[PDB]
Amino acid sequence: XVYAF
Amino acid sequence: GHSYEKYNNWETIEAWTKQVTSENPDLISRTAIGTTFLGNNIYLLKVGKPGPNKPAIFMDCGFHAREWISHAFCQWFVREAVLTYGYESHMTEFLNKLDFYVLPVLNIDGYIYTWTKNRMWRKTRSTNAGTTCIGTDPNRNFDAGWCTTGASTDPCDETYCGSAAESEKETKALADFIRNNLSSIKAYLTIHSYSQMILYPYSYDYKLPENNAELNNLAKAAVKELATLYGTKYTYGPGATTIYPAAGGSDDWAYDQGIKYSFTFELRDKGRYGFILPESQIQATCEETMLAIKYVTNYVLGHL
Ligand SMILES: [Zn+2]
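Residues numbered from 1 in each chain as written, not as in the entry; some residues may be left out. Chains lettered and ligands numbered in written order. Heavy atoms only, no water. Residues with missing side-chain atoms left out of burial classes, pairs and counts.

**Brief notes about the UniProt feature "binding site: Zn(2+)" in chain B**
Residue and element names in this part refer to chain B. For the record, the criterion: UniProt positions are given in the numbering used here, feature names are shortened, and annotations may be inferred rather than shown by experiment. A run of DSSP states H or I qualifies as a helix once it reaches four residues; a run of E qualifies as a strand once it reaches two. Both are numbered from the N-terminal end. Accessibility here uses a 1.4 Å probe with only protein chains present; expressed as a share of the type maximum, an area under 20% marks a residue as buried, one over 50% as exposed, and anything in between as partly exposed. Only heavy atoms enter the contact rule, under which two residues are in contact if any of them lie within 4.5 Å. What qualifies as a polar contact is a pair of N or O atoms within 3.5 Å, subject to a donor-acceptor requirement within protein and to the restriction that residues adjacent in sequence count only when both atoms come from side chains.
Following the UniProt record, one finds the feature "binding site: Zn(2+)" at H64, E67 and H192. Look at the named residues: they lie 129 residues apart in sequence, but the longest C-alpha span between them is just 7.3 Å, so in the fold they bunch up. Relative to the assigned elements, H64 resides in the loop between β3 (56–61) and α2 (68–84). On the basis of relative accessible area, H64 is assigned to the buried category, the value being 3%. Residue contacts for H64: discarding those within four places in its chain leaves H71, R122, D137, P138, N139 and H192. Here the side chain of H64 touches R122 through a polar contact of 3.1 Å, side chain to side chain. Setting aside its immediate chain neighbours within four residues, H192 contacts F63, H64, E67, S70, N139, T264, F265, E266 and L267. A polar atom in the side chain of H192 sits 3.4 Å from the side chain of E67.

Encoded structure:
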């Protein structure tokens with residue numbers, strides 16, 4: 001859920 | 001009031017944990033495993049038909065504040081369990097033979113913040129020395145190759161790893177509970193969004209778990225079961241190569257404690273709506289996700 005992966 | 005078909009604020013979820021337990025004392029008991037930085041109670045619901053020395057499966061939701069569909073699912077799961085017990089033979093077998101530890105919201109402080117101030121907030125709401133930047137990434141704060149890759153040492157970053165492993169009350173609480181109950185917990189399932197993936201260790205290193213083949217086959221079959229309902233396509237694999245290297249995650253940590261079945265679920269969608277998944281998709285998302293969870297539960301059961 002890390003932006004923007 | 002509470003709805004399984006809408007996103008609920010923390011006040012409503014907390015009231016719900018007491019209510020659903022009150023209505024189904026035969027199938028649910030409630031405790032807290034700890035308190036948050038801001039003093040909120042980290043509730044854990046024990047779902048199952050009570051009995052001596054039963055194995056368990058542990059599931060949490062709401063590690064990351066903005067991933068609202070995650071919180072939604074834990075609530076959905078609890079209702080489905082109590083509705084279909086005695087009516088659907090598999091769920092009935094599950095609750096008779098094992099318990100589900102369902103932790104509806106781990107990161108309560110951050111979740112409240114997404115409701116009151118900043119919808120895109122991710123981390124906890126703890127303070128940091130030497131800066132006004134707030135919060136640690138709970139899924140970078142476990143003792144698993146801690147802070148060695150895919151994490152930030154900068155408190156101002158959304159992947160900040162914390163001042164030390166288990167520096168956060170919420171993470172230390174979760175880890176304390178699993179340590180204390182290691183002899184019964186047979187699987188660990190942590191629910192996130194978004195990406196539509198099923199991930200297993202390792203993320204903190206490129207190395208593979210010794211039962212890598214088993215985990216891959218189990219994840220593969222669960223993805224198939226999930227797709228049977230609406231054709232929703234999930235991808236699967238070791239976290240490091242499947243989405244990115246990232247240290248300090250709870251799935252890796254749980255696996256390294258000896259819990260052989262450890263999965264991160266990333267729910268809908270693939271980016272059209274991202275974290276802001278419309279409430280109209282809550283039901284379908286949850287229904288298809290239930291199929292994967294129950295498939296894993298059945299598997300664990302026959303591999304005790
Ligand atoms: Zn997440």
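**Focus on the interface of chain B and chain A**
This is how it is decided: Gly counts as polar in this scheme, as do all residues outside two lists: the nonpolar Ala, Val, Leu, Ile, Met, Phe, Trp, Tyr, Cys and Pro, and the charged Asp, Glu, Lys and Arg.
The interface of chain B with chain A comprises 12 residues on the first partner and 4 residues on the second. Within the side of chain B that touches chain A, the residues separate by chemical class into 3 nonpolar, 3 polar and 6 charged.

**What about the coordination of the zinc ion?**
All names here are of chain B. Worth spelling out the cut-off: We call an atom a donor if it is N, O or S and sits within 2.8 Å of the metal, or 3.2 Å for Na, K and Ca. Water is not counted, so some sites may look partial.
Bound to the zinc ion on the protein side are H64 (ND1), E67 (OE), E67 (OE) and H192 (ND1), at distances that span 2.2 to 2.3 Å. Site description for the zinc ion: donor spacing in sequence, H-x2-E-x124-H. The same class applies to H64 as to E67, namely buried.

**Some details on the nonpolar core**
Across soluble globular proteins, you tend to see nonpolar side chains buried next to one another. All names here are of chain B. For clarity, the threshold we go by: The set of buried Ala, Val, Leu, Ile, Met, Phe, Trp, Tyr and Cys residues whose side-chain atoms join them within 4.5 Å is what this entry labels a nonpolar core.
Within the largest apolar cluster, 85 residues are counted, with the highest numbers of intra-cluster contacts made by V47, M59, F73, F100, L174, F263 and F265. Of all the elements, α2 adds the most residues to this core, at 10 residues. Discounting chain neighbours no more than four positions away, the residues touching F263 are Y188, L189, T190, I198, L199, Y200, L215, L218, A219 and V296.

**Focus: the pattern of salt bridges**
Residues and elements named next belong to chain B. So the rule is basically this: We define a salt bridge as a side-chain nitrogen of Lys or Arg found within 4 Å of a carboxyl oxygen belonging to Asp or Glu.
On inspection of all chains with the given rule, the structure shows 13 salt bridges over all chains. Where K54 meets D99, a salt bridge forms, and the shortest distance between an N and an O atom there is 2.8 Å. Here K54, found in the loop between β2 (41–47) and β3, pairs with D99, found in strand β4 (residues 99–103); they are 45 residues apart in sequence, far enough to count as distant. For the pair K54 and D99, a shared accessibility class is recorded, and that class is buried. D176 is the salt-bridge partner of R179, the closest N and O atoms lying 3.0 Å from each other. In this pair, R179 and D176 are both assigned in helix α5 (residues 169–180), 3 residues apart and thus about one turn of the helix distant. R179 sits in the partly exposed class, given a relative accessible area of 33%. Each of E67, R122, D137 and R140 takes part in one network of salt bridges that share partners.

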